[PDB]
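Contents: one structure, followed by commentary.
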RNA sequence: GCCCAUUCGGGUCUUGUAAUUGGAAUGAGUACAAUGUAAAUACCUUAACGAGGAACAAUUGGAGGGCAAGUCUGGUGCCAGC
Ligand SMILES: [Zn+2]
């Protein structure tokens, strides 16, 4: 009888997560792009101004499907998120739901940082241990649990 | 502990083909195909069966074999069953291919490829002993020049030490692996990228797999035996990926 | 009229050492960290292998 | 292992040495004394 | 702010409120009636540790400070906003851990 | 196609054997053929060096079959007496090895050397 | 008789070792239970403060 | 002056385990040492961010980035190949505080542990060439990394033996 | 510990059994009393539940197991 | 016997208690002397002294317990609370 308890991924400390070297990989998602636009900050230069390090953004196919699905009010968001500076993942699961796609994607790798803004996703991300989220705030970004913010 | 002469029970494991050797301290043990001769110097259990016959078993030293550490750390399912055909990208010498061979058994085959030459002659001198393996001394980056001699393997396995790991396994699996077939790769982080660290390079490699249509399903790290490798198990979907 | 304080608590460099090497030995109980490898000859895995347990994180 | 020590089973192999017998006698006697 | 602008106010104790409370170290035992001097009024202060309640007796020119509960307790009374921090020159924490000596 | 194929030219020779002398002064080096193969089949070996003019060549040519099986780089050097002067020892050592150690202050030069010789091979 | 006395000794060591290991685990399970009781009590009073601070904007 | 700065929050789990791991790994005294090194790292890469966000071929970016990388390779935290400006952006606190004299003499040998390294170089034994250094937080430059040895006026070098050794020699020769 | 001293929470040792009555010794304190009394209460409760079933015995019960 | 995770689970002598114990290195000090200085102190030097509880005695908080032939309040015995 096969039980399955996932081991704590061995590039993690107690909660320090030494696998997050300063060239970062972030996970952009949908209402974070929308709030970045309606707070009028940029994306790559905004992340650089918040983290003082070179950040590579990533968007998944599930989040791109959500951004296409949300209609023509966010054509600015879609034109911004088809940026050649960002990269793109490729998901393989059923149901384009950004929340469980994101939190599954990060809890089986523990190396991405999650750039989110909605309440349930922030709650699940800060529930699971040792991955940093960032969010919009005022006219800049804000990091929640990176060990070296400065 | 585990000296030469103790009596050890041989219990079967979940992965059919391998066995647990439970003494006062446990071992992982595969049933030897050619009895009487160790291949890389490992210790051998030797049981008797009733016309009296005597069959022997080899231990599986996980500090010197790759997938033994994944087996002992506990993988959900491999694809190396006792009947399948198994391709072995980056067969170094006998030291792991003999274990995969006698897991596979007398019916299935193991096609072991290798690029270097001196491990090639060691592999051939081992390969004359048991018959279920095929030694190939060709580069794993060119699966169109040993396409003559193999066909339609049922699970591939990968230990090559090159930073185009995903391209190697993608080309060999498109050329040879059947649909709904297994692919077990073993990435070495410090080998394929020295700059950025282990979880980032693992996520980049598994993203390259799910771009090359292998749907991955297991990632294990095998930390107490080797450092910063990982075993990534996947299926080859090709039809209904999601 | 003070509690009994600690010789470990006196020098901060020592207390930030005896906290680390405990927490160094703590995470031999949440992961399985690399400790040099095959030191002697292979005496078996020496502490128990169980069948019905898979410590592999799976892809949802 | 030496040929005069390879016993027929691991029970007699465990009886064949000395430190295990020492620990077993002192631990078993302490257990009987704790039960009484 | 809770008394004009100052953070601390010297005060004169009227009487130890609740000496007849039978349960030792209780809320109704650990109160004193302080006459605030800065505006000449009454207030009920909350000296910690009834074993060190009996340093202050009568017009001991006590010095108050706010209390600020960091949660909710079992049988603590509300209404007391003031704790004793210094009595007749010395600090009664130092008096209770018996470093200094109360002068008279 | 000789038996000592990855023979290093001059500038790469000089940088790998000043890394050798830094390792010998940092207590991180194993000197000699049989201690080299002992540390090689123990596993602690960043890379190994042989000398391509020992009077029997096979007494260190037995090291390729171990090292390229256990996936560790190996380099021939055209002078055993220069490698002896590099290791800092009287007699000419013909097969040196650098142990693996992440508490040694020549990790950067060791990795630069290892990348150069993996590109060489 | 040697084997039977040995097996009786091994069993009467092992069952008592596992017995006191079990009772030690139960003893510390009691303190884990009390720690969770204090934690849930503090969290419940904090949330019943927050749910009326959410309504004192009326 | 005010070198060290309090972080954006000092009571947090990930920060606490960060200071625990760094302190017990490099043998540190208190949080002020990590905060000083972290501050000056943050200051120099905050200065590097502006030189990045302005354009190339500006003389400011050209020779001020050359000045910054010359200073950082002189301290030694930047390798000889990555001599361009965004690796300064990709710098980290670990290989920046690794060049302090405590960790550096432990890596050089001669101490058998990081804590023994700290207590001997504050017991005045290690001299970089000619100058006896009795302080850990040195950030030894790359050129003087090979001049570390026991000082000649100290009984781990070649001086007179210490007071414990000669007092025990006296009252064990009596 | 909030605001107490260690001398305020020192140890109270327990007094022995008198030597004048040492024949039936081992004076029996409160913890041993409660470990006696809860055991006696449990024995009385199981005695009264089997007494209650005896007073309601229902004299016409039958199973296949009552042949021998 | 240890440690970790809402619980049953996981992992480990490579884990704790012992002056059993050994010698080495020191500056706080103390001090000839020189140094500095208008003169003198301090630092920088430095002979001779200067460590085991290194008692040559680091504090300030905070979270929990547990103990009586003891005390007090309540009640639906042997309990609940302070
Ligand atoms: Zn998706």
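Protein chains in written order, with the deposited numbering: chain 5K, 40 to 189; chain 3B, 79 to 128, 135 to 326; chain 5H, 550 to 609; chain 5J, 164 to 199; chain SY, 41 to 144; chain 3H, 5 to 125; chain RJ, 1107 to 1164; chain SK, 9 to 182; chain 5D, 2 to 69. Don't be surprised by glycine CBs; every beta carbon is placed ideally from N, CA and C.
Close to chain 3B, meaning a Cβ-Cβ distance shorter than 7 Å, are the following residues of the stretch 569 to 590 of chain 5H: 580, 581, 582, 583, 586 and 587. Residue contact check for residue 607 (chain 5H) against chain 5K: a CB pair falls below 8 Å.
For residue 99 (chain 5K), the CB falls within less than 7 Å of some heavy atom of ligand 1. Counting the other CB atoms within 10 Å of its CB gives residue 32 (chain 3H) a total of 16 or more, which places it among the buried residues.
The beta-bridge partner set that DSSP reports for residue 141 (chain 3B) consists of 109 (chain 3B) and 123 (chain 3B).
Proximity of the stretch 1113 to 1132 of chain RJ to the stretch 51 to 68 of chain 3H falls short of the contact definition, fewer than three beta-carbon pairs being nearer than 8 Å. With its beta carbon less than 8 Å from one in chain 3B, residue 69 (chain 3H) belongs to the interface. Burial check for residue 110 (chain 3H): the Cβ neighbour count within 10 Å reaches 16 or more, so the residue is buried. Residue 226 (chain 3B) and residue 234 (chain 3B) have their alpha carbons spaced roughly 13 Å apart.
A direct Cα-Cα distance of roughly 20 Å separates residue 1148 (chain RJ) from residue 1135 (chain RJ). For residue 1108 (chain RJ), the chain 5J residues whose C-beta falls within less than 8 Å of its own C-beta are 178, listed in chain order. In the same chain as residue 11 (chain SK), and ignoring 5 residues on each side of it, the C-beta atoms closer than 6 Å to its own belong to 44, in chain order. Between residue 603 (chain 5H) and residue 159 (chain 3B), the beta carbon gap of about 6 Å places them in contact (Cβ cut-off 8 Å).
Nearest to residue 128 (chain 5K) by alpha-carbon distance, out of 97 (chain 5K), 140 (chain 5K) and 170 (chain 5K), is 97 (chain 5K). Here residue 124 (chain 3H) is exposed, its C-beta having fewer than 16 other C-beta atoms within 10 Å. For residue 173 (chain 5K), the enclosing beta strand (DSSP E) covers residues 172 to 176. If you compare the alpha carbons of 81 (chain 5K), 171 (chain 5K), 110 (chain 5K) and 136 (chain 5K) with that of residue 99 (chain 5K), the shortest gap goes to 136 (chain 5K). The beta-carbon of residue 112 (chain SK) is placed less than 8 Å from the nearest beta-carbon of chain 3H. In the DSSP assignment, residue 122 (chain SY) falls within the beta strand (DSSP E) that extends over 122 to 127. With a threshold of 7 Å, the Cβ atom of residue 66 (chain 3H) does not count as near ligand 1, since no heavy atom of the ligand is closer than that. Under the Cβ criterion (8 Å, minimum of three pairs), the stretch 95 to 111 of chain SK counts as touching the stretch 19 to 37 of chain SK.
In the DSSP assignment, residue 110 (chain SK) falls within the alpha helix (DSSP H) that extends over 109 to 116. The Cβ-Cβ distance between residue 133 (chain 5K) and residue 326 (chain 3B) falls below 8 Å. For residue 28 (chain SK), the neighbours in chain 5H by C-beta distance under 9 Å run, in chain order, 565, 568, 569 and 572. Here the C-alpha atom of residue 51 (chain SY) lies approximately 5 Å from the C-alpha atom of residue 102 (chain SY). From the beta-carbon of residue 40 (chain 5K), the residues of chain 5H found nearer than 7 Å are 601.
A contact is defined here as three or more CB-CB pairs under 8 Å, and the stretch 551 to 565 of chain 5H fails this definition with respect to the stretch 252 to 263 of chain 3B. Counting only Cβ-Cβ distances below 9 Å, residue 36 (chain SK) has contacts in chain 5H at 562 and 565, in chain order.
Exclusion of the five residues before and after residue 146 (chain SK) leaves 108 and 109 as the residues of its chain whose Cβ lies within less than 7 Å of its Cβ. Note that the stretch 43 to 60 of chain 5K touches the stretch 579 to 594 of chain 5H; at least 3 beta-carbon pairs, one per stretch, sit closer than 8 Å. The C-beta of residue 46 (chain SK) has 16 or more other C-beta atoms within 10 Å across all chains shown, which makes the residue buried. Proximity to residue 131 (chain SK) across 175 (chain SK), 158 (chain SK), 102 (chain SK) and 181 (chain SK) peaks at 158 (chain SK), based on C-alpha coordinates. For a cut-off of 8 Å, the C-beta gap from residue 179 (chain 5K) to residue 71 (chain 5K) is around 13 Å, too long to register as a contact.
The beta carbon of residue 206 (chain 3B) falls within 8 Å of a beta carbon belonging to chain 3H, placing the residue at that interface. Closest in C-alpha terms to residue 44 (chain 3H), from the list 281 (chain 3B), 148 (chain 3B), 168 (chain 3B) and 83 (chain 3B), comes 148 (chain 3B).
For residue 109 (chain 3H), at least one C-beta of chain SK is nearer than 8 Å to its own C-beta.
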